[PDB]
Structures are given as C-alpha cells and as structure tokens.
C-alpha cells in the first residue's frame, strides 16, 4: 500500500496543477470546451475576470 | 469467445472514431 498512495497523491497533484490557470490583470480569458464557449446566466457568453480559475 | 472480443473491438472502434468537435465559429 506504499506505491499506490504516492502514485495517487502525485497524479492528483499533477491533475490539479494542470487544472489551475490564472488570468493576468491586463487580460481577460475566454474558455473553450471542445469548440463552443461556456454559457452562463441564460445563455450569455462568460468572460473571466483577472483571477485564478479552474479548468477541466 | 474470440468472436465476442472482435465484436467488442469493432464496436469500440466505431464509438471512438465517431466523435468529432467543431469550433464555435463553425457550423
């Protein structure tokens, strides 16, 4: 039960590191899943404020 | 049982090669 725990920890950490992305102050981010953009608040395109956000 | 394995392989190939994505600007 020693290889499995370190393996799950390291893969979880690398998955989280891949997931996180930061939008710089001067820019704004648009997210694309497959082709389309994410829609929110009654089918309105969403733009990311310059803050840390999580992507799949 | 090899025929069942072949059927599983062909249906998996059918499912995997069928999916496609098109960009937002495109239709």
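List of remarks:
- Qualifying residues in region A:30-56 (those that are out of contact with any strand residue (DSSP E or B) (no Cβ under 8 Å at 6 or more places or on another chain) and outside any loop (DSSP other than H, G, I, E, B)) - the one nearest to residue B:26 (Cα to Cα): A:32
- Counting the residues of region A:16-40 that are closer than 14 Å to residue A:56 by Cβ and surrounded by fewer than 10 Cβ atoms within 10 Å (Cβ to Cβ) gives 1.
- Residue pairs meeting the criteria (Cβ under 7 Å; at least 6 apart or on separate chains; first within 14 Å of chain B (Cβ to nearest Cβ) and on the phi > 0 side of the Ramachandran plot, in region A:16-42; second in a loop (DSSP other than H, G, I, E, B) and exposed (fewer than 12 other Cβ atoms within 10 Å of the Cβ)): A:34/B:21
All of the numbers you see were taken from the coordinates with simple rules; none came from a lab. So basically every Cβ, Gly included, is an ideal-geometry build from the backbone, and we count neighbours across all protein chains shown.
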